[PDB]
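Visitor: this one's structure only:
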Ligand SMILES: [Cl-]
Ligand SMILES: [Cl-]
């Protein structure tokens, strides 16, 4: 009685989504480039499709969890005539303009398209036609906490990549800070927990520095308080010189130094450190 | 009956340290390039020194809280003959090799030298001769939680700058992620709190990903688990292409992409993301 679901892409994320959906009573048809990974899901109740075409034809809702959008094009190439009237929910990560081009390709073949972005703490960003999201939300809510962002298909991966922008850059800074200290002979195991704690401290500081951040970026006014761009720029300069003397790779701290240098050179030296937003943001 | 203290540099940090030390019964002699900032401390009980020489001569312990080490050289230039037999505790931020050169200059003028690094959540890194730290620890503990790091003078600013390496890079990523989303017309006030929450989530993830981080960096083995360098590198590539299409500044995500590119090109693609440490760390 529950609506059938097709899921293509049986990596770790797809495996968990199939198990979840089966436990909620949905018939799940699966397909994967290597059918061996489908075997555990078949014994849990899923049906292995004979081909991508038969997988697509088995449901009105086709969920894709692949490495990138090119994998969607390659897999569904032989199934394009079977896409008419169905909804594609692509949870794969890719460039936002790539996902927008996919919406045009989906419409060419008569399909509705929703882009998704999955965050494992789970919650999923969704973007595309709201009527399509509302039609499949009873199924999508079992995968994780749905957050509809808007009717621009590209939004889900834009938000996802911006979150990963924070994650990947922050993780890189922990590795870089550890190399900086360990260059002096300090045991990595001694300082790495401190660099980790600095992330937590940074988060809690951002839990009046956050009010400074959200207010300044939105209002466009960066009042120089306790932490100005010229003060932070001098610290960034010291980090670079320390890394240059330690023999530690420079590209990451030089990027931070580049942001503060251009922020000071633009006349925002006495303003808050948040004034680097005026250097980073989109022109005009 | 409490030991006298001299403190030079009456910015915000110096103001709080003087008030703290006075409240604990220590006579405090102060000096500043602009004597006006000493007036509030004088009414609290501090004595304004007539000159840097008289400030130095007033105590065996001289604490410096200036913008950089060059300010120490400039201020104490006329007081160099009065430094003999006293301990300089410099809490100013600067390059670690600059602080090591200061230890040589301090010994030239017969003074003991300790470098400090002040973290405002307060706790202070200290480095230099342990006998000097132990001799002044009863006074230093009132300033904040003392953490002796070792007898290399340069350690305190190395640890301090590595902590600030994490802080400044993480803060830059929050501003950059917000610009990435706001380039599409999203209100900054809508996404900036989400970018902030991503820092907190990153910290809590680092509170088995941390065991992965500390173990891999110290042992030098990066077993590829759920998050490999080739997977993270593809996400870094997407962030760059998204920023390149949004018109958002590229230097920060290109630095992260550069780290993953070289990590994959070095044969660590299947290893954990922590394998970028082998690209960042000091040669040999
Ligand atoms: Cl976009
Ligand atoms: Cl060093």
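Guide: Done, it's in. Numbers count the residues shown, from 1 in each chain, chains lettered A, B, ... in the order given. Ligands and ions are numbered 1, 2, ... in the order given.

Visitor: contact partners for residue A:213?
Guide: A:206, A:274, B:174-175, B:192, B:196 (C-beta atoms under 8 Å, 6 or more residues apart in numbering or on different chains). The way it works is simple: take the backbone N, C-alpha and C, and place the C-beta from them, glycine included.

Visitor: three-state assignment of it?
Guide: helix (DSSP: H, G, I helix; E, B strand; the rest coil).

Visitor: what about it, distance to residue A:233?
Guide: Separation of residue A:213 from residue A:233 (C-beta to C-beta, to the nearest Å) stands at 18 Å.

Visitor: need the residues of the stretch 1-150 of chain A near ligand 1, please.
Guide: Residues of the stretch 1-150 of chain A lying close to ligand 1 by C-beta under 5 Å from the ion are residue A:96.

Visitor: for the stretch 1-150 of chain A, which residues are neighbours of chain B?
Guide: Contact residues (C-beta under 8 Å from any C-beta of the partner chain) of the stretch 1-150 of chain A with chain B: A:12, A:67-68, A:93-97, A:121.

Visitor: could you tell me which of those belong to strands?
Guide: Assignment to strands by DSSP state E places none of those there.

Visitor: would a markdown table of those residues with neighbour count be doable?
Guide: Shown next, in a markdown table, are those (neighbours: other C-beta atoms under 10 Å in any protein chain shown):
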| residue | neighbour count |
| --- | --- |
| A:12 | 11 |
| A:67 | 14 |
| A:68 | 16 |
| A:93 | 24 |
| A:94 | 28 |
| A:95 | 22 |
| A:96 | 28 |
| A:97 | 17 |
| A:121 | 9 |
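
Visitor: quick one, strands of chain A?
Guide: Using DSSP E, strands in chain A cover A:5-8, A:28-31, A:47-48, A:61-64, A:87-90, A:112-119, A:123-127, A:145-150.

Visitor: paired strands for the first one, with orientation please.
Guide: According to DSSP bridges, strand A:5-8 forms sheet pairs with strand A:28-31 (parallel), strand A:61-64 (parallel).

Visitor: contacts for that strand next, please.
Guide: So strand A:5-8 is contacted by A:14, A:17-18, A:21, A:26-32, A:49, A:52, A:55-56, A:58-59, A:61-66, A:75, A:139 (C-beta under 8 Å, 6+ apart).

Visitor: what's the answer for the second one, then?
Guide: Outside of strand A:28-31, the residues that reach it under the criterion C-beta under 8 Å, 6+ apart are A:4-8, A:10, A:14, A:18, A:21-22, A:38, A:41-42, A:45-49, A:51-52, A:54-55, A:58-59, A:75.

Visitor: and the residues you listed, which are buried?
Guide: A:5-8, A:10, A:14, A:18, A:21-22, A:38, A:41, A:46-49, A:52, A:54-55, A:58-59, A:75 (16 or more other C-beta atoms under 10 Å in any protein chain shown).

Visitor: helices - which of the residues you listed land there?
Guide: A:14, A:18, A:21-22, A:41, A:52, A:54-55, A:75 (DSSP state H).

Visitor: please identify which pair of the residues you listed lies farthest apart.
Guide: A:22 and A:75 (21.9 Å; C-beta to C-beta).

Visitor: dump the strands paired with strand A:5-8 to TSV, plus mean neighbour count.
Guide: Conversion of those to TSV gives the following (neighbours: other C-beta under 10 Å):
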stretch	mean neighbour count
strand A:28-31	24
strand A:61-64	24
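
Visitor: off-centre distance for stretch A:14-22?
Guide: 20 Å (C-alpha atoms, centre = their mean, to the nearest Å).

Visitor: so which bits of the stretch 151-284 of chain A are right by ligand 1?
Guide: Residues of the stretch 151-284 of chain A lying close to ligand 1 by C-beta under 5 Å from the ion are A:154, A:158.

Visitor: just the ones in helices among the buried ones among the contacts of strand A:28-31 now: which is nearest ligand 1?
Guide: residue A:75 (24.9 Å; C-beta to the ion).

Visitor: what residues are up against that closest one?
Guide: Counting by C-beta under 8 Å, 6+ apart, residue A:75 touches A:8, A:31, A:33, A:52, A:66.
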